[PDB]
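Protein chains in written order, with the entry's author numbering: chain CC, 51 to 68, 78 to 150; chain NN, 1 to 115; chain GG, 87 to 247; chain JJ, 78 to 139; chain XX, 1 to 96; chain II, 182 to 278; chain YY, 184 to 319.
No residue lacks a Cβ here, since even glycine has one placed at the ideal position from N, Cα and C.
Report on the following structure.
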RNA sequence: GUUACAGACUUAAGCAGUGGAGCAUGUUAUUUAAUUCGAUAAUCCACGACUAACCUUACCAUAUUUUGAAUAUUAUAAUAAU
RNA sequence: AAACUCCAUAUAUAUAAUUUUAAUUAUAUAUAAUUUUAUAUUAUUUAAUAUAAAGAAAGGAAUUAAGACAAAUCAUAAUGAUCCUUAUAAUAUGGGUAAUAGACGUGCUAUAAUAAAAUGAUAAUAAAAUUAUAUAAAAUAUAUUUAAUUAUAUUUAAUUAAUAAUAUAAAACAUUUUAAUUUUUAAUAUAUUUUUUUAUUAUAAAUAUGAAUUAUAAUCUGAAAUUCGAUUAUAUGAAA
Ligand SMILES: [Mg+2]
Ligand SMILES: [Mg+2]
Ligand SMILES: [Mg+2]
Ligand SMILES: [Mg+2]
Ligand SMILES: [Mg+2]
Ligand SMILES: [Mg+2]
Ligand SMILES: [Mg+2]
Ligand SMILES: [Mg+2]
Ligand SMILES: [Mg+2]
Ligand SMILES: [Mg+2]
Ligand SMILES: [Mg+2]
Ligand SMILES: [Mg+2]
Ligand SMILES: [Mg+2]
Ligand SMILES: [Mg+2]
Ligand SMILES: [Mg+2]
Ligand SMILES: [Mg+2]
Ligand SMILES: [Mg+2]
Ligand SMILES: [Mg+2]
Ligand SMILES: [Mg+2]
Ligand SMILES: [Mg+2]
Ligand SMILES: [Mg+2]
Ligand SMILES: [Mg+2]
C-alpha cells in the first residue's frame, strides 16, 4: 500500500498512452502563437514596442531581396519575424 | 506655404502615412509643445482672485491660439490603416484592422473570445 | 471495511418504511406560478396564501383542501378542441385534459370572477371568490356545464373511440 | 497565483455592415507572486539581477 | 456633530500646513484643478510611433556593399514607365 | 438568526428539506456561512451543503438523500449574453418586409 | 518605506514611495499621540493602529522618500509641541475607516463554542500492525 | 398550385411585446449653398458609425498652397558629429 | 459531421507563512461520462418505455463545408484599368451632416392599486470589469433650518491594484401613502374591531397617473455650447 502511494505521488511521464503531462517537445508554447512575445506593465510602452517590431519586420523584408550588378536578383524568402522580449533583451 | 502644409516642419510618422494622419500627428506635436503654456493661460483666465484685466487678456490669448494648440482637436486614428471609427486605445487600430491583426497573431496577448 | 454502527443501522431501518416527503403541494405551486408574472414569485405566494387565510377565516375548514375541491368541481374534464380537418368543415373533437390544464381552465375563470369583486387588493378579491365557490355560487360553474354540453354534442367525433 | 485578468473586446467581423455578426476577443494577464522573507539587501539585489539576466520571453516583472 | 466647528477648521488648517496641501475654508474657485492636472502631451505625441526608424534609404548609407532592392518602389517605377509609354503619363505641372 | 437572514419562507423550507427527508430536523445544530449570489440561491447552496454534511453522520441515508434530490449539485448556470442577441436567447426583432 | 521598481519597463509609478508606521511604535507620549492621529486624519486607520502616506509629486523615487520623511518629521514636531495647542477635545474622526469597511466585506462571525461536541469526535482507531512496526 | 414522411421556434399552446400615444434613433421623401458617401427583400433601416459642437469630414461658402508626405536624379551653399 | 478546444461543473494534488485573504478563495496540473448496471413490459440477439442503485454529473460558447446569390464592401486597407494634376491634390475660418409635408422600420417612456411613490446606518443579499492620455474616498460649502437624500463646488486621502477607488447593488421584504371611489375625510356621540367600529350631520372621463412641450435661473465639459451638448432648480403639465 505504501509502495502504491509512493508510485502515485511520483507517477508522471510524457502524455500519449491509451499521471502524465505534455512535455516541451510534445506541444507548442502558446507564446509561439503571437509574434511579439512581450508583457509590459505600462500598456502604452507595450503598444509602442509592438509597433516598432512591426516596422522592423517590413525593414527586414525590404533587406531580404538583393541584386548582383543588375545580373541576378536572388529573392531570399523570409518568414514573419518573432520578437522575444525578455526583461534583459529583445531577440 | 509651398514647402510644407503646416507652419512647423514636423517629421512623418513611421509606417502608414495618410493626409488625415499627417494632419492629426502635427496637431498632437503642437499640443505637446504648447501644453504647459495653454494650461497657464487657462489658469489665469479662470481666477476670481487675480486682476480682471489680466484674466481678460489671458482669455483673449487663449481664443487667439491656433487650431493645432487645441487638445480637443486631437482624434485617435488607426495606426495600421488611417481610419477614425471604432479605434481601440489598447492597440491603436481600427475595428476591422484590429481583428485582422488579432487573428494573425500580431497582438501581444489577443485571441478568440470563446468563453 | 465500512463498519456501520448499531444506532445508525436502527435509524436507517426506521427511515426505510417512511416515504420521501414531497417538497411542494403541486397544484398550489402551479397556481402560484400562474398568478406570478415578472419572476416575482414571492408576491404571488403572499397573495395566494393571504387569500387562503381569508377563506379559512370566513369558513373554518382546511383552505387548501377546499380550493382543490373547487378546482376539481370547476375543471372541465374535456374540451371541444377545433381542427382544420384536411381543408373541410372544422370538425371539433372532445379531447381529454391533463390535470394542470383542467385546473388552469378553472383558475382563469376564478380570477375573472374575483376581478368583479370590490376591493383594491386582488388577494382579498381572490379570497372572497374562493369562499363563494366553496359555498357554491359562480358563473364559472355555468361555463363548465356549457362546455360539458358542447362536448356531449359530438359524441362519436372522437377518432379511436 | 493572483487572479488572471480578462481584457475583452468585441468587433463586427465584416469590413462593412453585417453588424448582426460580431466576434469577441480576449486577453488574460496571468499573475504570479513570489515573496522573499529574510535577506541582507545585497543578496536580494544579486538575486533580482540574476533573475533579470536570464529572463524568459513572455514574462514581465515588477 | 456635537464637536465644535471652529476647532475642526483649525485642526484641518493645521493638517494642511503639515502636509503640502492647501486649506480653502471658504470654498471659492481657486483654479487649483487647472494646474494640478498632470500634463498628458508627451504620451499624445508618441501615438503614431518613433519617427526616427530605419528606412530603405539608410535598408545605402549603412551598408553600401549590398545592392538592395526596394520592391514596391521598383514596381511603382515600372508602372510609371508603362504609363509614359502608352500615353497615360502625368501632365507636366504648372509653375506660374 | 435564520428568520432574520432568509425572509422568504420558501428558502427556509428548502434549507430544512435535507433534515426533513430524514427524521432529524431538531437533532442537528447547523451553522451555515454563505457568500456570493442572491438569497434563494444562497439558501439552496446551504441546503446542498447540509445534505453532504448529513451524509457523513450516517452513510446508509446517502442513497435516500440522493433520491430526494438534495445530493445533486444544481448545475443551472446563467447563460451569457451572445453578441447579436439582446440577452442569452432574446433576439432583436426580425423584419421580413 | 516600500519602494517599487518595474524591471524592463520605465513606468511612472517607479517614483512612488510609501511610508507606513504603527502609531504606537512611534516614540510619543499619550497626549502627543492623539494630536498626531488627529493631524493624520484619513491617513491614520484606527482598527489597525497604522498611519501610512505615499508621495508621487517628485521626479525620482529617492526624492519622494525624502519628502515623505520630512513630512513625518514635521508631523512628529507638531505632535510634541503642546504649547497653546493640545487637541484634547477633538474626538478621533473614524468616518473614512467605516466607509472603507462598508466597501469591503466582513467574516466576523464564528462557530458557537457551546455548540461543540468533543465527545462526538472520531476517536483514535487501534491499528495493531502499525503499532508492531513502531519499534523506534 | 405534388405523393409521403421527417426537420425547428416553422406552426400550435403559453409569456411578454410591436402596430394606437408622445419621445429617441435609423431610413425615405422633399428641402438646402451643403443636408458627405455607402447599406436599402429574406441576407438595409441604434447598419458601416464603440459617442458628428471645432476636430472627426469625406459635403458647402470664402480665403489661400502648388514637387507639395514619398523615392530617385543633378547642382550650389551652410551647420554639426567624428 | 462527431471528437479533441474554451467556459462552467465534481474530485484529487500542488502553492498562498490565512495582513494583497475571498481558503466559503485563486491558478497550474491531472482524473471524470457522447454515463453505467440490472429487473420487467411491448416488439423483433437487440431497441423503446417503466422501475430500481451507482454517480456532482445538467448546460452554454467557438467551429457554419462545397457551391451558389456577378449578395455586401474600391469609405478599414491595398491593387488593375480609367479620369483630375493651379486641381477631382493641400491648409485655415464659419456653415452642414441635427433641415421637415406625408411615410417606413427599430427602441424608450408611458396610459395607476395581482402597482406606483416616501422611508429602511450595528448599512439584507451579487457578479463581472475599469482606474499613469487616471479612479477620485472621506470631510466642508451652497441649493435646503435642522439632517439625510439628490446635485454641484471646495480638496485630493488611498491605488496604478487579489492590497485603495469607481461602489453601503437593485428588485426583494416591512411600515406609510395613493385619485378615480360618500369604497374617504371631520364634528359629535358610540364601544369587549380603539393605527378601529356603529349612528347622525356636513363632505358635489386624465389625477396626488404621465412627463411631452415651453419660460427663467444656475452648474458641467471645453479655447468655444448660436445653429448644436449634458445636468440641477423653480414654474410649464400635450398626447396617452
Ligand atoms: Mg407564435
Ligand atoms: Mg405609425
Ligand atoms: Mg408608436
Ligand atoms: Mg464609393
Ligand atoms: Mg444616407
Ligand atoms: Mg476631396
Ligand atoms: Mg464539430
Ligand atoms: Mg481568509
Ligand atoms: Mg459554404
Ligand atoms: Mg451586384
Ligand atoms: Mg452597392
Ligand atoms: Mg481602387
Ligand atoms: Mg478640393
Ligand atoms: Mg473647417
Ligand atoms: Mg446621422
Ligand atoms: Mg438593429
Ligand atoms: Mg402607475
Ligand atoms: Mg465623498
Ligand atoms: Mg478594493
Ligand atoms: Mg441597502
Ligand atoms: Mg385627454
Ligand atoms: Mg406626476
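By Cβ distance, which residues of its chain are closer than 8 Å to residue 209 (chain YY), with the 5 residues on each side in sequence left out?
216, 219 and 259
Where do the N-terminal and C-terminal ends of the alpha helix (DSSP H) with residue 132 (chain GG) fall, by residue?
127-144
Candidates JJ:133, JJ:100, JJ:80 and JJ:82: closest to residue 140 (chain JJ) by CA position:
Because chain JJ here runs from 78 to 139, residue 140 (chain JJ) falls outside it and cannot be looked at.
Which word fits residue 27 (chain NN), buried or exposed, when buried means at least 16 other C-beta atoms lie within 10 angstroms of its C-beta?
buried
Nearest chain JJ C-beta to residue 99 (chain NN) closer than 7 Å, yes or no?
yes
Answer with buried or exposed for residue 107 (chain NN), where buried requires no fewer than 16 other C-beta atoms within 10 angstroms of its C-beta.
buried
Take residue 195 (chain GG) and list the residues in its own chain whose beta-carbon comes closer than 7 Å to its own, dropping the five residues that flank it on each side.
160, 226 and 229
Of all the CB atoms in chain JJ, is at least one closer than 7 Å to the CB of residue 146 (chain CC)?
yes
Kindly give me the distance between the Cβ atoms of residue 116 (chain GG) and residue 188 (chain GG), rounded to whole angstroms, as I take these residues to be in contact under 8 Å.
Actually they do not touch by this definition, with Cβ atoms about 11 Å apart.
Unbroken stretches of the alpha helix (DSSP H), 4 residues or longer, contained in the region 97-143 of chain CC
102-123
Give a yes or no on whether the minimum CB-CB distance between residue 189 (chain YY) and chain JJ is below 7 Å.
yes
For a contact meaning CB atoms closer than 8 Å, what does residue 233 (chain GG) contact in chain II?
Near residue 233 (chain GG) there are no residues of chain II at all, since even the closest Cβ is about 35 Å away, more than 8 Å.
To the nearest angstrom, report how far apart residue 59 (chain NN) and residue 46 (chain NN) are at their CA atoms.
9 Å
Chain-ordered chain YY contacts of residue 18 (chain XX) [CB-CB under 8 Å]:
222, 254, 257, 258 and 261
Can you grab the Cα-Cα spacing for the pair residue 92 (chain GG) / residue 98 (chain GG), in whole Å?
10 Å
CA-to-CA distance, residue 116 (chain CC) to residue 48 (chain XX), given in whole angstroms
17 Å
Candidates GG:119, GG:124 and GG:148: which alpha carbon is nearest residue 134 (chain GG)'s?
GG:119
Whose C-beta lies closer than 6 Å to the C-beta of residue 90 (chain XX) among residues of the same chain, with five residues either side of it excluded?
none
The beta strand (DSSP E) spanning residue 104 (chain GG) covers which residue range?
Residue 104 (chain GG) -> no beta strand (DSSP E), and no H or E assigned at all.
Which listed residue (YY:268, YY:296, YY:290 and YY:226) has its alpha carbon closest to that of residue 278 (chain YY):
YY:226
First and last residue of the beta strand (DSSP E) that includes residue 236 (chain YY)?
233-238
Count Cβ pairs between the region 58-75 of chain XX and the region 124-138 of chain CC that sit closer than 8 Å; are there 3 or more?
yes
Note the first and the last residue of the continuous beta strand (DSSP E) segment covering residue 13 (chain XX).
Counting along the chain, residue 13 (chain XX) falls outside any beta strand (DSSP E), though it belongs to the alpha helix (DSSP H) covering 5-18.
Please return the same chain residues whose Cβ sits closer than 7 Å to the Cβ of residue 234 (chain YY), not counting the five positions on each side in sequence.
204, 206, 223, 226 and 227
Listing by chain order, which chain GG residues have their CB less than 7 Å from the CB of residue 189 (chain II)?
128
Which residues in chain JJ sit within 9 Å of residue 265 (chain II), going by Cβ to Cβ distance?
96, 97, 98 and 99
Endpoints, beta strand (DSSP E) assigned at residue 164 (chain GG):
164-167
6 Å CB neighbourhood of residue 102 (chain NN) in its chain, flanking five on each side removed
110
Rounded C-beta distance between residue 96 (chain CC) and residue 142 (chain CC)? I'm assuming under 8 Å.
6 Å
Those residues which DSSP pairs with residue 149 (chain CC) across a bridge
CC:144
Closest by C-alpha distance to residue 237 (chain II), when choosing among GG:209, GG:204 and GG:88
GG:88
So, residue 205 (chain GG) versus residue 215 (chain GG), is the Cβ gap smaller than 7 Å?
no
Simplified DSSP state of residue 93 (chain NN), which is helix, strand or coil:
strand
Below 8 Å, can you find three or more Cβ-Cβ pairs linking the region 187-200 of chain II to the region 222-233 of chain II?
yes
Contacts of residue 137 (chain JJ) in chain YY (Cβ-Cβ under 9 Å)
189, 190, 191 and 192
Looking at chain XX, is there any beta carbon in it that lies within less than 7 Å of the beta carbon of residue 200 (chain YY)?
no
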